[PDB]
Every structure is written in structure tokens, then in C-alpha cells.
Amino acid sequence: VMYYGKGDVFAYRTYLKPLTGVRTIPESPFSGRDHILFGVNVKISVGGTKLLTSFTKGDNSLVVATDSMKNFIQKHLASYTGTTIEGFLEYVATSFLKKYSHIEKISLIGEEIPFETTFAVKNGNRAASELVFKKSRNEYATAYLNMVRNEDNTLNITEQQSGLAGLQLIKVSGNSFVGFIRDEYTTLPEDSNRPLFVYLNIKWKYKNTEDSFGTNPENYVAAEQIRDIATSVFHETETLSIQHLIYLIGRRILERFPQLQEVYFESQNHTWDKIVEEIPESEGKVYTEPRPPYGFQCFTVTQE
Amino acid sequence: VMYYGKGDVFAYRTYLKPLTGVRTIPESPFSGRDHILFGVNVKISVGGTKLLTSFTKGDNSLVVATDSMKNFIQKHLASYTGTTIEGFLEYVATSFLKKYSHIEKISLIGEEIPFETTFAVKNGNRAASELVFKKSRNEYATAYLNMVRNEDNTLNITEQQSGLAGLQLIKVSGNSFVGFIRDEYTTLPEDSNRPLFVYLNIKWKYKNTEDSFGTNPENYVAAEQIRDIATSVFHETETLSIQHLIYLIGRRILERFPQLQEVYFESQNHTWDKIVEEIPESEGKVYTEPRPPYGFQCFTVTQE
Amino acid sequence: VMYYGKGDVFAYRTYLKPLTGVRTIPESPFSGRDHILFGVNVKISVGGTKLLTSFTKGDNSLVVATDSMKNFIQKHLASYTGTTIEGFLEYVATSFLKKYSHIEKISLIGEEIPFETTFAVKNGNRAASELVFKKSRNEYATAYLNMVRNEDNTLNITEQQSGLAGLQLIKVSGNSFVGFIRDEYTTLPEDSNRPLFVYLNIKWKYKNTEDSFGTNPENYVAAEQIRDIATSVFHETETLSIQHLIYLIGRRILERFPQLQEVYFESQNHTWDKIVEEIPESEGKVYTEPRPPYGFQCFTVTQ
Amino acid sequence: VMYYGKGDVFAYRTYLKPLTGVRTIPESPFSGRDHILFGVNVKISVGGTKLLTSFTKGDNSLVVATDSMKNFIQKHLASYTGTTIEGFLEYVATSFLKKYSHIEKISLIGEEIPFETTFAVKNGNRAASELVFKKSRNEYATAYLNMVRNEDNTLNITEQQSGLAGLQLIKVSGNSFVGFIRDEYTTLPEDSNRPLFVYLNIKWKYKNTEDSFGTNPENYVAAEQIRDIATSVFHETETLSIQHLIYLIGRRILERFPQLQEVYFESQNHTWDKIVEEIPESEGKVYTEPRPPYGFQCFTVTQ
Ligand SMILES: O=c1[nH]c(=O)c2nn[nH]c2[nH]1
Ligand SMILES: O=c1[nH]c(=O)c2nn[nH]c2[nH]1
Ligand SMILES: O=c1[nH]c(=O)c2nn[nH]c2[nH]1
Ligand SMILES: O=c1[nH]c(=O)c2nn[nH]c2[nH]1
Ligand SMILES: [K+]
Ligand SMILES: [K+]
């Protein structure tokens, strides 16, 4: 292996072109993005056979400084005329390979830095502010792109993936975990009604990479829509396990977005431990945080 | 000093009595709390002269185990019939001093563990779920209560404070920082239009402790309402500094809630560094994260 | 309350004057610091009645920018000719009040950013490198100082405290927790031999603030020495609780350092849950991490 | 992809069999581990075609609960008679596949939870305590293993890697970064003498997986030895970049350990920004923390 690059390249852009013209689904009100404020955290990795002597001999002649990669990304966010993180990565990648002909491969990650709207009173009414936003440390969209230079100096995308990370969902009832193996290693009781708490990271891959860019926005799959599918399916389903839930989420995603080829889940179980099972004159209960060990699941659903 | 206790006592309750009957303000739609899910992280500290030998001699005779304090808190969340974190702390404190007559002082912190609503489709329409909620790692309500046992075995509250913590607000324009001291230590340029990014922790104290409990909910001051005041005032104000902003927020809080005696702010400056000042054919700009050092302000506004 | 300032002012200096000739105690090999690399994270807070209009009116006329306070701290680390964090804070505080006559109060915290030695082969044998150091995320020294301007324009230190933060110690055996209250709320079993795991933050105050500066190193109390007292006392003591342990650590500190007036402890309990009590043909056991709730204690011992 | 498992399975064992008799290298004093306290954080992942319906149908008939995998790991730390994390993973993997015939693949990660010795006064002199240890949040050893069941029902290790994570090293002088591309995107100045601060994660693969287990300790490669090679090489080398440094560390590792097939590096640059270039009557400088963006390098050296 031989790569180098820059991580935590934060870049915040005001007044990116808005995303509109999207295709709606039943599970989501999502209709676009205003883009008054657009934040992204970028990681860039580059490789190429001609970088070998930068390691073996300390020869920096063909080294693009990682600080210069940071400048490149931040300057390109200023000149980007598109509407998605996916399209921003394509713009950076193509531009970088065109600039540096000795680079054979570039890999990019972009993570949304999300902001939410806030309320303000003016002119006699309360409305969402066009100026003041709230930083969110909850779920966020992601994008991944890898591009190569071939022998003829043409460029090709070699992998693209979009995602939603950091979704944390708890369903207070309507979940069971029963019927698992009971042997000399089993101390977990069967539970016909648990408050399942799952962390979800969901990633999708398009059949046609062009649909990821937003240039024809009706073919874009928005992380907001994926989020809303996940919450709807969790609500709708008497869950039998996390494994069962994520399969059903993935099936719904692929049904709503026929332009997707596959969806990949990384899930974790953070369900609370029960303290009080019955409260006089109430349907409530009390729970608390478990010990650190967490279950996890990794699963792909494909159109096939 | 001589105290001991338990921290990170997480407790999650389903179906707490809902908070309703609140008094509204122009800046906020807030109208109550459903309390389908109510999470709190509690810290308890206790003291008393009769605990001295637990330190000086290793005599545990009068030691309530900190693990038992955890049980006490979690069991009392199950039996709590009120509607606020403030009232929950009062219930725990009074109950604990009544149980343990050798304890002279108790201090409690409760921090909300907030959950947000999610969307689900059922019966032909999309609506907010009554079952599936999203864990929020953004701003959260707080409460503080200290109670003492006097010589006659009567109990008194000796300090109460409510709060909002973890609010992170960025205003993209309409903020200046000019006119500060320019001497041999000054390298900061004057800036007539910066994207001010502030972290806010806001705490308030009631004139009458009873109003904090929710028993007559029209006198309660909700953290949600305080949040919405903060965002409105930030939007409304051409800010001249963070100091200027927080004074104005505090004045608005005290005007809207005459039952409050004072409000206290801890603010931090996290404003981004500018990278690109002018973009062809756009009003946008690009910014990035600053170096670690952060400014901060601590300020009290009183009805007087 | 009316204050403002700057936090997370990191400042690293190479080749600070070495601290040498500190009086040793039996529990610790410490006698000084080479200061090839000296790192500190500073927080500065300032107040004064003349700052009122910066809040009430948005008037920045008397505002020293917090960015300028960062420059002030960093430049003063370059000009500091002393040997301790405590003395550096005094130098910053005195200098700032002398510079800015409208400021009536300054509070400073300094937190060591610690670096440990590493091995390098020099002339065929391993020795400590004089160039390569390892950044440590374990325990670190601390210092606090509050200085005011009086009505007669003299400057006065009103509060000083030094400390050791982030010490995490686990003693595998030789600890009990028995005899506590057993009532309706008690589920914890008594334990005559637990692997007590404590986090310790230890703070001390000097009788004479000048001793904190290091100018006469013989009277300086080093956080490294406090660390080694804590480990020695934990080892020597069949503990009966954390409360019992911290009292005994405090007494030993005050006995070793008669120039101190007080020692203050903030401790937390992080003892593991036992999973396997007996292993064939072994004295060992298996444990795991507990649920999140943690006990804590706060206690002052005075000289 | 179709896998599931358990993460953050902490397990602490007292009095694991000591690791002794490891062949030493010049850069390191390491020859063994006392194992009075042995901590590991384990992650387990399992797969098999017979798990399909647990996802597609909600059928838990063939689901080993992830909670039960936690019990399995913790009980096997109690019964483990060997001396290394690598060997513990092999024991868990073999045992799990032998127990659960429907599982075709198991992947394990083990991360050391390191504890350092402390001083106690014993018979009038400081010595290392045999009871009191300090939890370290610095560098730690790692191990990875993937084992499969073949069609003929033999079990086979398909991947093994050991490592050292979290090493943070700063060399105050004797580092340059010059000669890189200067074009429209370049603002970084050349620097002939920077205080290079690197984070290093170093991973190695053995030619013969058995050598990783420690059964013949003479062939075991200890993370402590890798650490000390890295510090020695950093000290000895006038570095020309991180890229140059990690290549040289890798070559030294492979020279010292002919039983290794490869070494893999993940490095990050955290070098401070210079604030004060010259201090009167001193060789020292002042630096501060940079903005967040960090450089990184990934590189394999092969035997
Ligand atoms: O949904 C779950 N899947 C599992 O595999 C599991 N194991 N323990 N609890 C569990 N819950
Ligand atoms: O609002 C601000 N207040 C300050 O005190 C300050 N100092 N630097 N920047 C600043 N911004
Ligand atoms: O040392 C201890 N002190 C306490 O107060 C306590 N409570 N539970 N366990 C404890 N251990
Ligand atoms: O050692 C370094 N390698 C790099 O690639 C680099 N880029 N900026 N600074 C750097 N330092
Ligand atoms: K819709
Ligand atoms: K309203």
C-alpha cells in the first residue's frame, strides 16, 4: 500500500446553489435543500507509482504538500456550481487529477456538517430565520468517491457511495427478541417487548453514477429521504431482531428508489437495561444505560 | 470540604405525566411536553458532619453506598407523579433526607437526555410516531437543586437553578467586531461582517422556587422557550460582540418571564476563519475551522 | 458575574530554564525537570467594573480582544525566565495587570501538556533521547492563580492552588468495602477483596504563595512527587473505602510537605464488575467494565 | 456482506501466565510481560450462509445471541493458558468454530488495555509495586485474526495481523520538509528544522502465524519492541518527511525481525505552528496547536 493525503478538511460555503426538483416518496416530506449554509468535512487520499521515492529516498520533488491539498479543496468549494456533496467530490477529483498528472488514484470522503433552522420574530410574525442556524451533532449525510487515471490520460470513477451516518433511533415498544440459542453461554432472557435502541449507518450505491450528482435532481436519492424510510419502517414493524429490521429497511429503500443497485447497513444495539417493569397506575417503566458491550450487524441488500 | 455521591445516573421513564397548561410567549411555539419518553442523567452529592469517620477511620457504619444512591434515584423516577426535571429533583431530595436523617445536605443535578420525533406512514398518512424517537446530542435542559436539614429536622431548599446547555448557533451575517484595543498584542483585524458562531449555556433562577416545579404550569419557564428567545434575539440584533448579544438575550428573557430573578450566561466564540471573501457571481464565501483557542464570556443579568 | 477571556491557549516552549534542586521525598525519585519541551494549556479570565458597557452597550473601547490575550500569553511564554507553571501564571498575571489598568481581576488556569522520554540507541546502548518525546494522555500537573488590583494600586494574589489531574490507579487486591448501610435500597454485596480502581484529582495550597513559584526550588512541591505518594500509600494501605484511602494520602502529603496548608481530593470509583471468581490452579479472576454510574468523593485535609 | 457480532467486550484477567524469554533486540529492553494484570477489548464478528434467514425472515433459531458471544469471550479469558493477545484470539476463534458448526467465518480484534507500573516504598526503598498499576491512555498493542471452516471441515487462519496503535511522538529538531511542489495551490513554507509531531499506528504480519502465538517466545514480536524501534529510528534520522521516516522505521523492524513478512504504517502529521522563532539568550522557540486539518500517510514495507 502507498497513499497519502489530508483529513479533517472542514469547509463551509454560504449560498450554494439550492437543491430542488427532487422526486418525492410517501415516507418523506423532503423537497430540497436551501443551501444558505453548506458545510462539509473532506478527507483526500492520493496514490501513484511515481510517489515511491518520496518514501524510499526522501525525495519530495513530486509531493503535493498535504497542506496544498487542503487549499485545493477549500478553493474548489468556492468555485463549485453544483448542488450536492457527491457532485462536489467529483469536481474536486477530476480537477485534482487534471492538475497533477503523476497522480494515478484519488479517494475522497465528504461528510455533511448539518445545520438546522431556528425561530425568529420580525415584522409581526415568527418564522424560520434566513440568518441564524443551529449546529447539529446528530445524523449527517456522507459521500465517497474514488477516481483513477488510466494509461491514455482518461479518468474514470471506480467506486461511488452515498450514505447517512449517526442515526440513533429508539422504539419504546413493539420489538421482541426471542427464540435464540439457549446453551451454556446464554444468560440473556427472552424478551417479548423491549425498547430497542439502534444506531444506524446506511450506505447506498446507484446503478448510474450520474444520478448521484444532482444534475438531473429527480434521480437523486437524498439522505433525508433514507432517514425517513428508516424511521417509518421501524415504526411499522413488530421487530424480531435488528437483523430483521435492517433487511426490511433495505427492502423499502430499494423499492422506493429503483435507481439504486444496493444498500448496506452497519447497525449497533444500545438497548437499555430494565430497572422497573410495573408502575402503579401507569403503562410506564424505568430503564438505564447498559454495560459497554454492544451488538452489531453488517448487511447488504441488493436489487437482485 | 466533605461530600460524596454518584454521577452519570442515567434513568429513562416512559409515560411520565405530560406537561401542559403552559403560558406562551411570542418567540416560541412551545405548548408542552408529551413525555412518552423522559430521560435524565442525575448527579447526587451528599454531606454531613457525621460522615467524618468514614474518611478519618474507614468506618462505613453511616455510609449509604453510592450504588444505593443510584437505586434510590432510579426507583424514585418510577414513582414520580410530576411533570418536570426540577420537580423530580425536589422529590428525590426531600425523600432522601427523610430516609437518611444523618445527612445534612444534598445537591442534585439533572440533565435532560432529549429525544426528537420521527415520521412514519400508517393508515394512509404520514405523521409523527408515538413509538419511534431519535436521540439528540444537541442542546438539552438542566436543573440544579440543593437542600439542607436544619436542627429541627425541617428541610429547606438553599439554591435552585434551571438551564439550557449545549446550544450552538451560527449567524451567517449581521455581526461586527470593531473598535477593540489595538496595541502591541493585537493582530486581529476589525471585521464589519463576520459569521458569528456562539456556544451558549443559559441558566435562570426563579423568584419563587415553587414556580420551577410545574405544579402550576403557567408559571414554569421552559428551556425550549429560552432557546427560542436566544435564536430570535440573535436574528434581530446587528451584533457588536458576544458580550452585547448575551446582554440583549438576557434582557429579553427577563422581560418575557417576570417571575425570573436573574439569568446567567456562559458563552464561547467558535467563529470560523475566512478563506474566500468573494465568489464570482454569488454572495457566498468559504470559511474553515479556526485554531483551538476560544473566547468566552460569563455574565449575569438581574431584574434589578 | 461579569468576566470574559480565552480558553485552550496552547503554548509549547522548547528549552525553558530547567527546574533543578527540588527537595526529594522518600516516595519519589523526582528532583527536577529538564524542560527540553514544556507544554501548557492556559485559560485566562478578566474582570473590571469598566467592562460594563462592553456588555450593556456594545462598546468595545475597553475590550482587550480575547485573541490579543492569546498573543499575550504566548509571547510571555517566550520571555518567561522561570521554571514552573505556577511561576509562569504569576508572570502573566502581574504583566497583564501592569499593562491594562482598567482590569481589576485576573484568573488563570494552566494545565501541563506532559511528554515522556523515549529510548534511542546512542553509542551502542539505549539511553533516553534528548530529541524525541512521547505525548502522554495520562496524568498532568495543574496550576490556578487569581490576582486583583487593590484600591491603593498594589497587586495581590487572592487564590493559588496547584494540582495533579487525571491519575487513574487500580490496586488488584488488598481493598475492602464492607459495613455500609443495608436497607431497602441496598443491593451492593460486601466485598472483602476488590480490585479498587480510582481516578484521582489532587490539589494543594501552600502556606506561602512564593513557594509555589520555584524560585527557591527546595520549597517547591512537584506534582510528580504527589503522584508517587499516592501510589505508595495505595500500595501500603489495606483500603476500607476510597474515603479512607484519600484521607491517608492527604495525611502523607502534608507530612512530607510541611509548607503546604491543605490538600483537596476529587476521586471517582471505576471498579470493575467480577465475572469469574475462581480459575483452576490460579489465583486470578476475570472482570469487566461496569455500567456508567460512578461513585465520587470530595475531601479536604488540612495541615 | 452478512455478519454480526459484539464490540467493546472488555475483559480483565489477573495473573495470566507470564510471557517470558522473548528474544531481545538492541533498541528495546523488553523481554517479557509479568501479566499480573492483563486487559483486552475484544470485537467478534461471525458469518455463515445459514444465518440468512435471521435477516430475511426474523428467524432467531440459529442466532447465537451477541450477549452470549460476550459471555463466551469472557469465560475463555478465564480458561486461556497461553501468554499473548494473538494466542488468546486463536483460542477464542478455534473454540467458537468448534462449538457452533453453522458458523463458517469468525473475525476477531483484540486491543490491549495497558497498565503501567508505579512506585511504592518497600523496606525503605522505592520499588515497582506488584499490586498498584496505572491505567494508560497512550499507545497499546493490537491483534487481528480471521478464521474459516473449509469444505473438508478443517479450520484455517486466513488473515493475521498484530499492531501498535496510538503512538504519538514529537522530535524537537532534526527534521526538514523541503523541496515539495510549489504551484498556485502552495502556501506552506519550506522548513529546514521543524518539530515533527507524528501519530503512528504500526501493524505487522508474520511469515508463520504460529510465531504470533508466543508458544515459542523466541519468535514473538512484541509491540513494546516495535515502539522502541520507532523512537530510536526517529532519533537517529534527520527526517525529510513523514514518508521518509516511516520507510526507515519499517526497514529497521524487518531487519530486527526476519520472521516478519511485512510492516504497515498509518501515520498522521500534528506538527505545531511556530509562534516565536527567536528567544534572546536561548535556543528555544514557542509553538501552538494548528488548525484541525491533518496530513496522513499509509505505507507497506515488505521483507
Ligand atoms: O436484535 C438483536 N440481535 C441479536 O443478534 C442479539 N443478540 N443479543 N441481543 C440481540 N438483539
Ligand atoms: O465578540 C467578541 N468578543 C470579544 O471579546 C472578542 N475578542 N476577540 N474576538 C471577539 N469577539
Ligand atoms: O469506596 C467506596 N465508597 C463508597 O462510598 C462506595 N459506595 N459504593 N461503593 C463504594 N466504595
Ligand atoms: O512530512 C510531511 N509530508 C507531507 O506530505 C507533507 N505535506 N505537508 N507537510 C508535510 N509533511
Ligand atoms: K411525501
Ligand atoms: K407563540
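Scoring rules and cut-offs
Residue positions are given from 1 per chain in written sequence order; they need not agree with the entry numbering, and residues without coordinates are hidden. As a convention, the first chain written is A and the first ligand written is 1, with the rest following in written order. Hydrogens and water molecules were not included; the side-chain quantities draw on all heavy atoms of the structure. Residues with missing side-chain atoms are left out of burial classes, side-chain pairs and their counts. In this analysis a donor is any N, O or S atom within 2.8 Å of a metal ion (3.2 Å for sodium, potassium and calcium), and since water is not included, sites may seem incomplete. Summary of the burial criterion: residues with accessible area below 20% of their type's maximum are buried, those above 50% are exposed, and those between are partly exposed, where the area comes from a 1.4 Å probe applied to protein chains only. Contacts were defined at the residue level, with two residues in contact if any of their heavy atoms lie within 4.5 Å. Using a 1.4 Å probe, buried area is obtained as the accessible area two parts lose upon being combined, added over both of them. The salt bridge definition used is simple: a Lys or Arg side-chain nitrogen within 4 Å of an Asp or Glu carboxyl oxygen. A 3.5 Å cut-off defines polar contacts: any pair of N or O atoms within that distance qualifies, except that in protein one atom must be a possible hydrogen donor and the other a possible acceptor, and neighbouring residues in sequence count only when both atoms are side-chain atoms. Residue classes follow a fixed rule: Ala, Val, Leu, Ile, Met, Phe, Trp, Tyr, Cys and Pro count as nonpolar, while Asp, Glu, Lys and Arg count as charged, and any other residue, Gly among them, counts as polar. Between the N-to-C directions of two axes lies an angle of 0 to 180 degrees, each axis being a line fitted to C-alpha atoms and, for a helix, fitted only over the stretch in contact. Put simply, DSSP marks the helices as runs of H or I at least four residues long and the strands as runs of E at least two long, and each gets a number from the N terminus on. Here is the rule for angles: anything less than 35 degrees is roughly parallel, anything more than 145 is roughly antiparallel, 65 through 115 is roughly perpendicular, and the remaining ranges are oblique. Handedness of a helix crossing follows the sense of rotation of the near helix relative to the far helix, less than a right angle counterclockwise being left-handed and clockwise being right-handed. Under the pairing criterion, centres of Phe, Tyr and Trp rings, with the six-membered ring standing for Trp, must be within 6.5 Å; the plane angle then separates stacked pairs below 30 degrees from edge-to-face pairs above 60, leaving the rest tilted. As a reminder, the over-ring test applies to NZ of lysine and CZ of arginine, requiring each to be within 6 Å of the ring centre and within 35 degrees of the ring normal. For this description, a residue counts as near a given molecule or strand if any of its non-hydrogen atoms is within 4 Å of it. Using a 1.4 Å probe, the Shrake-Rupley method yields the accessible areas, and only the shown protein chains count as cover for residues.

Per the deposited record, determination of this structure is attributed to X-ray crystallography, with the resolution reported as 1.500 Å.

An account of the coordination of the potassium ion (ligand 6) is requested, with residue identities and associated values reported.
Taken together, the protein ligands of the potassium ion (ligand 6) are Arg-126 of chain A (NH1), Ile-25 of chain B (O) and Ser-28 of chain B (O), with distances of 2.5 to 2.9 Å. Comparing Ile-25 of chain B with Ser-28 of chain B, the two get one shared label, buried.

Go over the interface of chain A and chain C, please, and point to the residues and values.
Between chain A and chain C, the residue contacts involve five residues of the former and five residues of the latter. Counting the surface chain A buries against chain C, the share from its top three residues, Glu-289, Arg-291 and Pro-292 of chain A, is 72%. Summed over the shared surface of chain A and chain C, the result is two salt bridges. One salt bridge in this structure joins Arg-291 of chain C and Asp-273 of chain A, with 2.8 Å as the shortest N-O distance. The interface formed by chain A and chain C contains two residue pairs in polar contact. By residue class, the composition of the side of chain A that touches chain C is two nonpolar, no polar and three charged.

Would you mind going over the packing of helix 2 (residues 66-79) of chain A against helix 3 (residues 85-99) of chain A in detail, with residue names and values included?
Residue and element names in this part refer to chain A. Relative to each other, helix 2 and helix 3 sit at 125°, their axes nearing to 10 Å. Comparing their axes, helix 3 and helix 2 come out oblique. As for the relative orientation of helix 2 and helix 3, their crossing is right-handed in sense. Along the contact surface, helix 2 presents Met-69, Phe-72, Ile-73, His-76, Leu-77 and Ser-79, while helix 3 presents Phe-88, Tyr-91, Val-92, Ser-95, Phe-96 and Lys-99. When grouped by side-chain class, the residues that make up the contact of helix 2 with helix 3 number eight nonpolar, three polar and one charged.

I'd love a proper account of the environment of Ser-241 of chain B, names of residues and values included.
Within the element layout of this structure, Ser-241 of chain B appears in the loop between helix 4 (223-236) and helix 5 (242-256). Residue classification places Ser-241 of chain B among the buried residues on the basis of a relative accessible area of 0%. Note: C-alpha distance between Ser-241 of chain B and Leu-196 of chain B (45 residues apart in sequence) is 8.8 Å. Discounting residues that sit within four places of it in the chain, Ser-241 of chain B has contacts with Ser-176, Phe-177 and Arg-194 of chain B together with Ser-54 and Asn-60 of chain C. A polar contact is formed between the side chain of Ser-241 of chain B and the backbone nitrogen of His-244 of chain B, at a distance of 3.0 Å.

So what's going on with unusual backbone geometry? Residues and values would help.
For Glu-281 of chain A, which is not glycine, the phi dihedral falls at a positive 65°. Non-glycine residue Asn-153 of chain D carries a positive phi angle of around 70°.

Describe in detail the interface of chain C and chain D, supporting the description with residues and values.
With 62 residues of chain C in contact, the opposing surface of chain D contributes 62 residues. The set of elements that each furnish at least two residues to the side of chain C that touches chain D consists of strand 1 (2-14), helix 2 (66-79), strand 4 (115-122), strand 5 (125-135), strand 7 (155-171), helix 4 (223-236), strand 10 (273-276) and strand 11 (286-288) of chain C. Counting residues per element, the side of chain C that touches chain D draws most heavily on strand 5 of chain C, which supplies eight residues. Class assignment of the residues belonging to the side of chain C that touches chain D gives a composition of 30 nonpolar, 16 polar and 16 charged.

Explain the packing of aromatic side chains to me, and be specific about the residues and the numbers.
Taken as a whole and judged by the stated rule, the model has 60 aromatic pairs over all chains. Centroid distance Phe-177 of chain B to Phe-180 of chain B: 4.7 Å. Interplanar angle 10°. Geometry classified as stacked. Accessibility classification places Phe-177 of chain B together with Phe-180 of chain B in one group, the buried group. Taken together, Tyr-12 and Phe-115 of chain A together with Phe-197, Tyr-199, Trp-272 and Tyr-287 of chain B form an aromatic cluster joined through their ring pairs. Stacked on the ring of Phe-296 of chain A, the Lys or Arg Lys-43 of chain D has its end atom at 5.9 Å from the ring centre.

Hey, could you go over the site of ligand 1 for me, with residue numbers and the actual values?
Neighbouring ligand 1 are 13 residues; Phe-177, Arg-194, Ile-242 and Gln-243 of chain A together with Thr-66 of chain D lie closest to it. Chains contributing residues near ligand 1 are chains A and D. Between a nitrogen atom of ligand 1 and a main-chain N or O atom of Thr-66 of chain D, the distance comes to 2.9 Å. Burial of ligand 1 by the protein chains amounts to 96% of its free accessible area of 270 Å².

I'd like a rundown of the site of ligand 2, residues and numbers included.
Residues in close proximity to ligand 2 total 13 residues, the closest being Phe-177, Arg-194, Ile-242 and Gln-243 of chain B together with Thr-66 of chain C. Nearby residues around ligand 2 are contributed by chains B and C. In this structure, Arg-194 of chain B approaches ligand 2 through a side-chain N or O atom, which is 2.8 Å from an oxygen atom. One of the side-chain N or O atoms of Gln-243 of chain B is found 2.9 Å from a nitrogen atom in ligand 2. Surface burial for ligand 2 is 96%, taken as the share of its 270 Å² of free accessible area covered by protein chains. Elements with a minimum of two residues in the shell around ligand 2: helix 5 of chain B together with helix 2 of chain C. Of the residues in the shell around ligand 2, the class split is six nonpolar, five polar and two charged.

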